[PDB]
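To start, the structure under review is shown below, and the notes come after it.
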Amino acid sequence: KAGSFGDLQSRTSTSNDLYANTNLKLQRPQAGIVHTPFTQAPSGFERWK
Amino acid sequence: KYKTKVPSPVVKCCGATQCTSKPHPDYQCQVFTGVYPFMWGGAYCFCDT
Amino acid sequence: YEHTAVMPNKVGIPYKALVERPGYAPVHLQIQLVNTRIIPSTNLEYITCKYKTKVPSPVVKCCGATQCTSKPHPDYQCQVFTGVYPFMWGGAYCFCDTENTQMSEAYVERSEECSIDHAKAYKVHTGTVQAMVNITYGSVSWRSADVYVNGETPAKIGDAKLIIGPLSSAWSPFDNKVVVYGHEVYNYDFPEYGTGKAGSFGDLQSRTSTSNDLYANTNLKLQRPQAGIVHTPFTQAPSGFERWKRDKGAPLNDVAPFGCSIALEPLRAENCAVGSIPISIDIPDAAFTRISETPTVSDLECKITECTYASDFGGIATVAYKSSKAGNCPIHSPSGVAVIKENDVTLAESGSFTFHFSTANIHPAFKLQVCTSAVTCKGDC
Amino acid sequence: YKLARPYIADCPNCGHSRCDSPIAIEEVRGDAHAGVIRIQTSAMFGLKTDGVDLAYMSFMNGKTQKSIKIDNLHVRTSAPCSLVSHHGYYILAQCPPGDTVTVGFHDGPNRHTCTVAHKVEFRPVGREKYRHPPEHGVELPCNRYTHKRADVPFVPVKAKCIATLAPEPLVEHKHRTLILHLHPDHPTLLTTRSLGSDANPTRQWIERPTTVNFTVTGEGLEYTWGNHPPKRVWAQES
Amino acid sequence: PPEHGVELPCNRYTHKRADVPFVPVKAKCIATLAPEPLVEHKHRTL
Amino acid sequence: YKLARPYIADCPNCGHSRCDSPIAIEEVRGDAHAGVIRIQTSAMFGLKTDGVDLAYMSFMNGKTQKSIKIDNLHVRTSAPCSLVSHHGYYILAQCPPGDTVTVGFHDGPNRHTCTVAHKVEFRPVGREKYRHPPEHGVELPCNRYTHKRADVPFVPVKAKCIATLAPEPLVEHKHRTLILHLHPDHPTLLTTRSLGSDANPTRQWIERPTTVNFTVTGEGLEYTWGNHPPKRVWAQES
């Protein structure tokens, strides 16, 4: 779910069939710094908490 | 909680970059052209356009 | 032949109308008011920016005193301060921690860094309103003509003599006194030039980016230190601009009841959407259809196949006809609850021509015209 | 030019029993509509024998004096701040408020730190604050400073500013209604009004996924989300 | 206490060595001032 | 054991425009109800010139590869923070927030400092905070990393740390009534429920001295106050 519970999914603490839908939205690069610019929706577990 | 993993961005200096999809959980890419002016934030490429 | 049609102020929807005269084919006429710019006359009252406090250095007498001597600066303030150093508070301080007296002088100037970083106090008087009106007459859609929304100057242009009768595409969201931040303009009132205080915009004034017309009322209050001394400390009221920043209005760019994109360096209102715009178009007769399809067009039916509720150009419809010979006769929308995407309609005897239309209503009722015959199309959006 | 020297200036609280101290920042300029600061410090940062350097400073006092390479002397707000260029008497750095700078040296006879926080208030010409224009989101014209070395002061430069916006501005069209399902990653100012006769002048800052419905004329609507100049949709299903 | 604003009563200590001991006393402590308070007089109403 | 090396790595915030720093915190673990942090730096801690200490590190800052005493290298969030143990690539320290770590050099020439705002957090697994030891209540599990080497990573292991149990839990039983006289110092979650065939399901967050009365039918009730697993009274005034 996008920005809600189970936006990261697994079936154990460590990696195990990692399926996500964290709603990653890349942002357009602009002048001031160079990195990899993106925003993303809040973690679904944290959102759930 | 997720940990965001950022693979180092594929930058093509003086040509276009075409995204190569990867099967990572919520892998999203976007290709942005004419990214940086250089020397006012950085570009690190001869070309800017 | 002048033909007056009314285009809804929907930037991006061309309003199709027919220039109709019986015994003459209708003319493709599309009027789009593409943009309207309300450009008002701006009388600069003052430039205002962050002040820079100038302390020349206070005259300190260790075990003596000095009385204030006035000096001409915009908010020159002095105070004579005794003590300087509290008793038993220093390690190579002045012996006198009482007798020692400093004449504390300071003043404000404009900052050196107000070079481009300044806000602007503007009195605003009545403007002119320009409208960029893209007009198609026949198949010549390649002319677009500025015409004033205001009555000041009707377009005497060769493209088509255009009058845009005044409407809500003309106005001025710019009050008598307007603050310009430098990208976002806010209606905010303040005392007229030579006056400004904390509780309104401006209280440091200039009239150019740096210097010129230096008037201050920054409420400079000299103070004394608790330890050390190289330059006297002070409290002050913030600049009226700085105060204004802590007491912002709402930027006109993001709010404006007419749906106009207020844009700034000169304050102006770009791209209104309010109301519907009378456009009087003097049609150039060389693009006028006038039995230029010699067919009489007969046996028409209009069926609207699909439409999606009040959409950009979500209307899909089909025209049946018989024409003496195939041609193009222009379709239109004398309605405003539907506008046609196409202003041209393919005369054929097939019984189907699929044409596209646009709506702003959940029912598409427009009158479609071929060269001699008129029909109405209806469906469901 | 690069004729600046190290000297003392009055500080509100600095080390020793007198605050006629080293490393004391006389004036600060926040005369930008970015987030950048031109600093005027009595003690000189940014110069060794090289001329314009990035990593040496000098200071003097009478009680707690010496010069050092910048190392034991850390600039802070409470976190690092990076200088870019020095033009003698003027220092230029990217630091978040651009009015509050705390410089202190943790070596020498005492441990002196001066803080300057005296006003020269500013915010961007938009409605979101930056510490320096980021990559993310829309650009806005603004004032800032010169950041290239060329030595006198780093005078204001009309040059781009950038405001971050949030990830997904999911607009949902209906008949005469636009609900904006918004999904903040960071506090975004959403200002709206409908375009046309109807208008919805509603400023609100939002954080965390929410919906906000507005009426629409049928002639469009504007929503700016995360500090923009109008992002607007016109007559359609708006 | 900064160095800008009105001095008002406070507790404090002596700030230079007497070599007598540092013990509580009252001294003066700076506290922030504010801009001009614009008063407007009217009849039976201020 | 230690299979680590001191080296530069990119940190987006440094004391100068020189950002060729080491001490760049690759990873942090802070998933505990403690205050301690396992830090993974690009610089090697637990190796100085002479090798293994508990209070020296080594680094290359692209201008000097040397080791220093944790004195010249101070961790801070603003105030100093003292390391406890070193395990090669990993540091283990006490630095209370443990999600904001700024490692910086008061060494020799140039001031490289990395600051990290890592994604790990300290959190309760309960319904009310105990994420960091308070003085209130009595202990609940936490994670405190090993203070001796035990694989390059310091292993996370369970340990005991202070936990919130709500201040002043004065219970008063009465006829058919359970008043809970509360006098917190801080936001405490009061949850109650009956344990019998009576109901009373009441969640509330409370602050300040308050009372909260519950029905009793002679069939018990549980009240947990300020994060507890069930505390229960039965078959009377409960």
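Letters for chains follow the order of the structure tokens (A, B, ...), residue numbers begin at 1 for each chain, and ligand numbers begin at 1 in the order shown.
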
Got a sec to pull out which chain E residues are within 8 Å of chain C, counting only C-alpha atoms, and send them as a list in words?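 Close enough to count are residues 2, 3, 4, 5, 6, 14, 15, 16, 17, 32, 33, 34, 35 and 36 of chain E.
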
Keeping only C-alpha atoms, write those residues as a PDB file, in the first residue's frame.
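The resulting file, again.pdb, is reproduced below:
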```pdb
ATOM      1  CA  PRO E   2      22.519  39.361  26.561  1.00  0.00           C
ATOM      2  CA  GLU E   3      23.807  42.937  26.230  1.00  0.00           C
ATOM      3  CA  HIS E   4      20.710  44.345  24.526  1.00  0.00           C
ATOM      4  CA  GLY E   5      17.596  45.411  26.425  1.00  0.00           C
ATOM      5  CA  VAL E   6      16.532  46.871  29.776  1.00  0.00           C
ATOM      6  CA  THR E  14      30.898  38.513  41.590  1.00  0.00           C
ATOM      7  CA  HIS E  15      32.820  38.014  38.338  1.00  0.00           C
ATOM      8  CA  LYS E  16      36.392  38.702  39.353  1.00  0.00           C
ATOM      9  CA  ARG E  17      38.624  36.795  41.744  1.00  0.00           C
ATOM     10  CA  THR E  32      15.015  42.034  25.782  1.00  0.00           C
ATOM     11  CA  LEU E  33      13.154  45.210  24.824  1.00  0.00           C
ATOM     12  CA  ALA E  34      10.364  45.448  22.281  1.00  0.00           C
ATOM     13  CA  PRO E  35       9.429  48.137  19.656  1.00  0.00           C
ATOM     14  CA  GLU E  36       7.446  51.342  20.280  1.00  0.00           C
TER      15      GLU E  36
END
```

Kindly determine which residues of chain D lie within 7 Å of chain C, considering only C-alpha atoms, and give the answer as a short mmCIF file (atom, residue, chain, number, x, y, z; two decimals) with N, CA, C and O atoms, in the first residue's frame.
```cif
data_model
loop_
_atom_site.label_atom_id
_atom_site.label_comp_id
_atom_site.auth_asym_id
_atom_site.auth_seq_id
_atom_site.Cartn_x
_atom_site.Cartn_y
_atom_site.Cartn_z
N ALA D 9 36.02 42.23 18.64
CA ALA D 9 34.75 42.88 18.56
C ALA D 9 33.97 42.43 19.77
O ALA D 9 34.20 41.35 20.31
N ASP D 10 33.03 43.29 20.23
CA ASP D 10 32.16 43.07 21.36
C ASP D 10 31.19 41.95 21.09
O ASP D 10 30.53 41.93 20.05
N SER D 17 36.67 36.95 31.34
CA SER D 17 35.86 37.87 32.11
C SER D 17 35.65 39.16 31.35
O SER D 17 35.16 40.14 31.91
N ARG D 18 35.97 39.17 30.04
CA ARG D 18 35.69 40.28 29.18
C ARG D 18 35.30 39.65 27.88
O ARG D 18 35.82 38.60 27.52
N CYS D 19 34.31 40.26 27.20
CA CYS D 19 33.75 39.74 25.97
C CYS D 19 34.14 40.62 24.81
O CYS D 19 33.55 40.51 23.74
N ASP D 20 35.20 41.45 24.99
CA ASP D 20 35.90 42.19 23.95
C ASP D 20 36.80 41.22 23.20
O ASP D 20 38.02 41.25 23.31
N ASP D 31 20.73 39.36 3.51
CA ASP D 31 20.05 40.13 2.50
C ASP D 31 20.11 39.30 1.26
O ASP D 31 20.85 39.57 0.31
N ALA D 32 19.32 38.22 1.30
CA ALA D 32 19.13 37.27 0.26
C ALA D 32 17.68 36.92 0.38
O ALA D 32 17.02 37.26 1.36
N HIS D 33 17.16 36.24 -0.65
CA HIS D 33 15.87 35.60 -0.64
C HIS D 33 16.15 34.15 -0.93
O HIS D 33 15.33 33.44 -1.52
N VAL D 120 18.60 40.46 10.88
CA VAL D 120 18.78 40.86 9.51
C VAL D 120 17.88 39.87 8.79
O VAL D 120 18.18 39.37 7.71
N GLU D 121 16.75 39.52 9.48
CA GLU D 121 15.63 38.67 9.09
C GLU D 121 15.41 38.52 7.62
O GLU D 121 15.40 39.51 6.89
N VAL D 125 11.62 34.61 -1.21
CA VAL D 125 10.62 35.42 -1.85
C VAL D 125 9.37 34.60 -2.10
O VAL D 125 8.28 35.16 -2.24
N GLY D 126 9.50 33.25 -1.98
CA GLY D 126 8.43 32.28 -2.03
C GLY D 126 7.82 32.22 -0.65
O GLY D 126 7.60 33.26 -0.02
N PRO D 141 12.72 32.64 -9.07
CA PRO D 141 13.70 33.72 -9.03
C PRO D 141 13.89 34.23 -7.63
O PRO D 141 12.92 34.23 -6.87
N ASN D 143 17.00 36.41 -4.76
CA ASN D 143 18.28 37.01 -4.51
C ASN D 143 19.07 36.03 -3.70
O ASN D 143 18.52 35.14 -3.05
N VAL D 155 28.23 40.71 -3.36
CA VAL D 155 27.01 41.45 -3.60
C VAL D 155 25.89 40.51 -4.01
O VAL D 155 26.20 39.46 -4.59
N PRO D 156 24.61 40.80 -3.74
CA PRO D 156 23.46 40.03 -4.20
C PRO D 156 23.48 39.69 -5.66
O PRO D 156 23.91 40.51 -6.46
N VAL D 157 23.00 38.47 -6.00
CA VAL D 157 22.96 38.00 -7.36
C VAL D 157 21.55 37.54 -7.53
O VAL D 157 21.06 36.72 -6.75
N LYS D 158 20.86 38.08 -8.57
CA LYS D 158 19.62 37.55 -9.07
C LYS D 158 19.93 36.24 -9.73
O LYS D 158 20.53 36.19 -10.80
N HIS D 175 -17.06 16.29 -11.30
CA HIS D 175 -17.78 17.34 -11.97
C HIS D 175 -17.92 18.50 -11.04
O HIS D 175 -18.76 18.50 -10.13
N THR D 191 -1.58 26.15 -1.34
CA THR D 191 -2.43 27.29 -1.45
C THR D 191 -3.24 26.95 -2.65
O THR D 191 -2.71 26.36 -3.59
N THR D 192 -4.55 27.27 -2.65
CA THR D 192 -5.39 27.01 -3.77
C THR D 192 -6.26 28.21 -3.95
O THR D 192 -6.52 28.95 -3.01
N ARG D 193 -6.86 28.25 -5.15
CA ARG D 193 -8.09 28.93 -5.42
C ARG D 193 -8.52 28.33 -6.69
O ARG D 193 -7.69 27.91 -7.49
N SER D 194 -9.85 28.23 -6.93
CA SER D 194 -10.35 27.83 -8.21
C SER D 194 -10.15 28.96 -9.18
O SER D 194 -10.10 30.13 -8.79
N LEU D 195 -10.03 28.61 -10.47
CA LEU D 195 -9.93 29.56 -11.53
C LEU D 195 -11.30 29.70 -12.05
O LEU D 195 -11.99 28.71 -12.29
N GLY D 196 -11.74 30.96 -12.18
CA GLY D 196 -13.01 31.29 -12.74
C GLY D 196 -13.64 32.16 -11.73
O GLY D 196 -12.96 32.70 -10.85
N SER D 197 -14.98 32.28 -11.81
CA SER D 197 -15.78 33.09 -10.92
C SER D 197 -15.66 32.57 -9.51
O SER D 197 -15.42 33.33 -8.57
N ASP D 198 -15.77 31.22 -9.35
CA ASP D 198 -15.50 30.51 -8.12
C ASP D 198 -14.01 30.53 -7.86
O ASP D 198 -13.20 30.43 -8.78
N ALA D 199 -13.65 30.66 -6.57
CA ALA D 199 -12.30 30.68 -6.12
C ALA D 199 -12.36 30.19 -4.71
O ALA D 199 -13.35 30.39 -4.01
N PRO D 201 -9.71 30.60 -1.95
CA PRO D 201 -8.47 31.08 -1.34
C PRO D 201 -8.21 30.42 0.00
O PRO D 201 -8.72 30.89 1.02
N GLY D 218 -15.37 25.21 -13.26
CA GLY D 218 -15.49 24.51 -14.51
C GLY D 218 -14.64 25.22 -15.51
O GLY D 218 -14.70 24.92 -16.70
N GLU D 219 -13.80 26.16 -15.01
CA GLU D 219 -12.94 26.99 -15.80
C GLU D 219 -11.53 26.72 -15.33
O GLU D 219 -10.60 27.35 -15.80
N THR D 224 -1.02 25.42 -5.73
CA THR D 224 0.42 25.34 -5.61
C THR D 224 0.64 24.47 -4.41
O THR D 224 0.01 24.70 -3.39
N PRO D 229 4.93 28.88 -8.16
CA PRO D 229 4.10 29.85 -8.86
C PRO D 229 2.99 29.00 -9.47
O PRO D 229 3.30 27.84 -9.71
N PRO D 230 1.76 29.45 -9.70
CA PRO D 230 0.59 28.65 -10.05
C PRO D 230 0.78 27.40 -10.89
O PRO D 230 1.28 27.50 -12.00
N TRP D 234 -7.38 23.86 -16.24
CA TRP D 234 -8.34 24.76 -16.85
C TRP D 234 -9.60 24.00 -17.06
O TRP D 234 -9.80 22.98 -16.41
N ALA D 235 -10.53 24.50 -17.92
CA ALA D 235 -11.81 23.86 -18.12
C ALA D 235 -11.63 22.50 -18.71
O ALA D 235 -10.90 22.32 -19.68
N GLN D 236 -12.24 21.53 -18.02
CA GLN D 236 -12.21 20.14 -18.38
C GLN D 236 -13.13 19.58 -17.36
O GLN D 236 -14.17 20.17 -17.09
N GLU D 237 -12.74 18.45 -16.74
CA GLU D 237 -13.38 17.83 -15.61
C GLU D 237 -12.86 18.46 -14.34
O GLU D 237 -12.89 17.85 -13.28
#
```

For the structure I just gave you, how does DSSP split chain A - specifically, which residues are strand (DSSP E or B)? Reply as a short mmCIF file (atom, residue, chain, number, x, y, z; two decimals) with N, CA and C atoms, in the first residue's frame.
```cif
data_model
loop_
_atom_site.label_atom_id
_atom_site.label_comp_id
_atom_site.auth_asym_id
_atom_site.auth_seq_id
_atom_site.Cartn_x
_atom_site.Cartn_y
_atom_site.Cartn_z
N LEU A 8 6.45 -1.65 2.78
CA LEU A 8 7.52 -2.58 2.64
C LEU A 8 6.87 -3.84 3.13
N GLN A 9 7.11 -4.98 2.46
CA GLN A 9 6.59 -6.24 2.88
C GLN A 9 7.75 -7.17 2.82
N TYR A 19 8.74 -6.97 -1.29
CA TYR A 19 7.82 -6.40 -2.23
C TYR A 19 7.53 -5.09 -1.59
N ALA A 20 7.63 -3.99 -2.36
CA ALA A 20 7.37 -2.69 -1.82
C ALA A 20 6.52 -1.94 -2.78
N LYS A 25 8.93 8.91 -5.84
CA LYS A 25 8.69 9.93 -6.82
C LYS A 25 9.96 10.71 -6.98
N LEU A 26 10.69 10.46 -8.09
CA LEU A 26 11.90 11.17 -8.44
C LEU A 26 11.61 12.63 -8.67
N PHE A 38 15.08 12.71 -4.96
CA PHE A 38 13.79 12.06 -4.99
C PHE A 38 13.12 12.38 -3.68
N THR A 39 11.77 12.31 -3.68
CA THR A 39 10.94 12.24 -2.51
C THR A 39 10.25 10.90 -2.56
#
```

Extract, using only C-alpha atoms, all DNA, RNA and protein residues at most 10 Å from residue 70 in chain D, discarding same-chain residues fewer than 3 positions from it, and format them as a PyMOL selection string. (chain D and resi 45-46+54-58+67+73-75+105) or (chain F and resi 15-16+105-112)

Could you list the residues in chain D lying within 6 Å of chain F, using only C-alpha atoms, and format the result as number ranges by chain? D: 55, 69-72, 78, 80-84

Contact set, chain D to chain B: 10 Å, only C-alpha atoms, as a PyMOL selection string: chain D and resi 132-135+146-148+159-160

Quick one: residues within 9 Å of range 8-16 of chain B, only C-alpha atoms counted, chain neighbours fewer than 3 positions away excluded, as a count of residues only? 12

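If you look at CA of residue 98 in chain F and CA of residue 35 in chain F, they are 6.7 Å away from each other.
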
With a cut-off of 10 Å, could you pull out the residues of chain A touching chain B and give me the nearest pair of atoms for each, distance in Å to one decimal, using only C-alpha atoms, ordered by chain and ascending number, as a tab-separated table?
```
residue	atom	partner	partner_atom	distance
A:6	CA	B:1	CA	9.8
A:7	CA	B:2	CA	8.7
A:8	CA	B:2	CA	6.5
A:9	CA	B:25	CA	8.9
A:17	CA	B:25	CA	8.6
A:18	CA	B:25	CA	5.7
A:19	CA	B:25	CA	4.8
A:20	CA	B:25	CA	4.7
A:21	CA	B:26	CA	5.3
A:22	CA	B:26	CA	6.3
A:23	CA	B:26	CA	7.5
A:24	CA	B:28	CA	6.3
A:25	CA	B:28	CA	7.6
A:26	CA	B:30	CA	6.3
A:27	CA	B:30	CA	8.5
A:28	CA	B:32	CA	6.6
A:29	CA	B:35	CA	5.7
A:30	CA	B:36	CA	6.3
A:31	CA	B:41	CA	4.9
A:32	CA	B:41	CA	3.8
A:33	CA	B:41	CA	4.5
A:34	CA	B:42	CA	6.1
A:35	CA	B:9	CA	8.2
A:36	CA	B:9	CA	6.4
A:37	CA	B:9	CA	9.8
A:38	CA	B:29	CA	9.5
A:40	CA	B:4	CA	9.5
A:42	CA	B:2	CA	9.5
A:43	CA	B:1	CA	6.1
A:44	CA	B:1	CA	7.8
A:45	CA	B:1	CA	6.1
A:46	CA	B:1	CA	6.7
A:47	CA	B:1	CA	9.8
```

Keeping only N, CA, C and O atoms, take the residues you just selected and write them out as a tab-separated table (two decimals), in the first residue's frame.
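Done, and the output landed in again.tsv:
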```tsv
chain	number	residue	atom	x	y	z
A	6	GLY	N	2.43	-1.91	5.31
A	6	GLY	CA	2.93	-2.88	4.38
A	6	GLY	C	3.38	-2.24	3.11
A	6	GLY	O	3.25	-2.84	2.04
A	7	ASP	N	3.95	-1.00	3.18
A	7	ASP	CA	4.52	-0.37	2.01
A	7	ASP	C	5.87	-0.99	1.75
A	7	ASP	O	6.35	-0.97	0.62
A	8	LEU	N	6.45	-1.65	2.78
A	8	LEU	CA	7.52	-2.58	2.64
A	8	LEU	C	6.87	-3.84	3.13
A	8	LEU	O	6.17	-3.81	4.14
A	9	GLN	N	7.11	-4.98	2.46
A	9	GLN	CA	6.59	-6.24	2.88
A	9	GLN	C	7.75	-7.17	2.82
A	9	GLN	O	8.70	-6.95	2.08
A	17	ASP	N	11.58	-12.04	0.05
A	17	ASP	CA	10.53	-11.72	-0.89
A	17	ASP	C	10.08	-10.29	-0.67
A	17	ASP	O	8.90	-10.01	-0.44
A	18	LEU	N	11.05	-9.35	-0.73
A	18	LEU	CA	10.80	-7.95	-0.49
A	18	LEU	C	9.98	-7.39	-1.62
A	18	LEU	O	10.46	-7.26	-2.75
A	19	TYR	N	8.74	-6.97	-1.29
A	19	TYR	CA	7.82	-6.40	-2.23
A	19	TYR	C	7.53	-5.09	-1.59
A	19	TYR	O	7.19	-5.04	-0.41
A	20	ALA	N	7.63	-3.99	-2.36
A	20	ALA	CA	7.37	-2.69	-1.82
A	20	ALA	C	6.52	-1.94	-2.78
A	20	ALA	O	6.34	-2.33	-3.94
A	21	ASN	N	5.90	-0.87	-2.25
A	21	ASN	CA	5.15	0.10	-2.98
A	21	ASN	C	5.21	1.29	-2.07
A	21	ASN	O	4.25	1.63	-1.40
A	22	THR	N	6.40	1.94	-2.02
A	22	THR	CA	6.68	3.04	-1.11
A	22	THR	C	6.41	4.36	-1.79
A	22	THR	O	6.62	5.40	-1.18
A	23	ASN	N	5.95	4.34	-3.07
A	23	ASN	CA	5.53	5.50	-3.82
A	23	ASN	C	6.69	6.45	-4.02
A	23	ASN	O	6.64	7.62	-3.64
A	24	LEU	N	7.80	5.92	-4.59
A	24	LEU	CA	8.98	6.68	-4.88
A	24	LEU	C	8.71	7.59	-6.05
A	24	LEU	O	8.33	7.14	-7.12
A	25	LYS	N	8.93	8.91	-5.84
A	25	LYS	CA	8.69	9.93	-6.82
A	25	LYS	C	9.96	10.71	-6.98
A	25	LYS	O	10.30	11.53	-6.13
A	26	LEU	N	10.69	10.46	-8.09
A	26	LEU	CA	11.90	11.17	-8.44
A	26	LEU	C	11.61	12.63	-8.67
A	26	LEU	O	10.55	12.99	-9.18
A	27	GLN	N	12.56	13.50	-8.27
A	27	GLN	CA	12.44	14.94	-8.36
A	27	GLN	C	13.48	15.38	-9.35
A	27	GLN	O	14.51	14.73	-9.51
A	28	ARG	N	13.17	16.46	-10.09
A	28	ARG	CA	13.99	17.05	-11.12
A	28	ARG	C	15.24	17.70	-10.56
A	28	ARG	O	15.08	18.59	-9.72
A	29	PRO	N	16.47	17.39	-11.00
A	29	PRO	CA	17.70	18.01	-10.51
A	29	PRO	C	17.74	19.49	-10.76
A	29	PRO	O	17.26	19.91	-11.82
A	30	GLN	N	18.27	20.30	-9.82
A	30	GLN	CA	18.39	21.73	-10.00
A	30	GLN	C	19.65	22.17	-9.31
A	30	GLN	O	20.27	21.41	-8.56
A	31	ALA	N	20.04	23.44	-9.54
A	31	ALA	CA	21.36	23.94	-9.25
A	31	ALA	C	21.45	24.30	-7.79
A	31	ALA	O	20.66	25.09	-7.28
A	32	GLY	N	22.43	23.69	-7.09
A	32	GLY	CA	22.74	24.04	-5.74
A	32	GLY	C	23.61	22.95	-5.19
A	32	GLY	O	24.52	23.22	-4.41
A	33	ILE	N	23.35	21.69	-5.61
A	33	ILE	CA	24.07	20.55	-5.12
A	33	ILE	C	23.82	19.46	-6.14
A	33	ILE	O	22.97	19.61	-7.02
A	34	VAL	N	24.63	18.37	-6.11
A	34	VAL	CA	24.47	17.21	-6.95
A	34	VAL	C	24.35	16.01	-6.05
A	34	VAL	O	25.25	15.74	-5.25
A	35	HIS	N	23.26	15.23	-6.22
A	35	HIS	CA	23.01	14.00	-5.52
A	35	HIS	C	22.07	13.25	-6.45
A	35	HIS	O	22.11	13.45	-7.66
A	36	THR	N	21.15	12.43	-5.87
A	36	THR	CA	20.14	11.71	-6.60
A	36	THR	C	18.87	12.24	-5.96
A	36	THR	O	18.58	11.86	-4.83
A	37	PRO	N	18.11	13.14	-6.58
A	37	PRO	CA	17.04	13.81	-5.88
A	37	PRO	C	15.74	13.07	-6.08
A	37	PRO	O	15.32	12.88	-7.21
A	38	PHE	N	15.08	12.71	-4.96
A	38	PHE	CA	13.79	12.06	-4.99
A	38	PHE	C	13.12	12.38	-3.68
A	38	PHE	O	13.77	12.70	-2.69
A	40	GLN	N	9.64	10.45	-1.44
A	40	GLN	CA	9.01	9.15	-1.38
A	40	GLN	C	7.96	9.31	-0.33
A	40	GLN	O	8.00	10.25	0.46
A	42	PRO	N	5.99	8.33	3.17
A	42	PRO	CA	6.27	7.74	4.49
A	42	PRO	C	6.20	6.24	4.56
A	42	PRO	O	5.39	5.65	3.85
A	43	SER	N	7.05	5.61	5.42
A	43	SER	CA	7.03	4.18	5.69
A	43	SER	C	5.70	3.78	6.25
A	43	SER	O	5.16	4.46	7.12
A	44	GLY	N	5.13	2.67	5.73
A	44	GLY	CA	3.81	2.19	6.01
A	44	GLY	C	3.69	1.64	7.39
A	44	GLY	O	2.65	1.76	8.02
A	45	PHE	N	4.79	1.02	7.89
A	45	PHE	CA	4.90	0.55	9.25
A	45	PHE	C	4.83	1.69	10.24
A	45	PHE	O	4.13	1.62	11.24
A	46	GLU	N	5.58	2.78	9.95
A	46	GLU	CA	5.64	3.96	10.77
A	46	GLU	C	4.33	4.70	10.75
A	46	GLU	O	3.87	5.19	11.78
A	47	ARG	N	3.69	4.76	9.56
A	47	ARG	CA	2.40	5.35	9.30
A	47	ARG	C	1.35	4.63	10.09
A	47	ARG	O	0.47	5.25	10.69
```

Skip residue 278 in chain C itself and residues of its chain fewer than 4 positions away, then list as a list in words all residues within 9 Å of it, counting only C-alpha atoms.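 Surrounding residues, per the criterion: residues 4, 5, 6, 7, 8, 163, 164, 165, 166 and 167 of chain C.
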
Enter the distance from CA of residue 34 in chain F to CA of residue 97 in chain F, in Å, rounded to one decimal.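 Straight-line distance from CA of residue 34 in chain F to CA of residue 97 in chain F works out to 9.8 Å.
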
Please report the interatomic distance between CA of residue 23 in chain F and CA of residue 49 in chain F in Å with one decimal.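 Going from CA of residue 23 in chain F over to CA of residue 49 in chain F covers 16.5 Å.
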
Residues within 6 Å of residue 58 in chain C, only C-alpha atoms, excluding chain neighbours under 5 positions, as a list in words: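 Contacts, with the query itself left out: residues 103, 104 and 105 of chain C.
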
Would you save the residues from that selection as a JSON list (two decimals), in the first residue's frame, using C-alpha atoms?
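What landed in selection_18.json:
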```json
[["chain", "number", "residue", "atom", "x", "y", "z"],
["C", 103, "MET", "CA", 28.91, 58.02, 24.73],
["C", 104, "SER", "CA", 27.18, 55.34, 22.72],
["C", 105, "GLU", "CA", 26.38, 56.47, 19.21]]
```
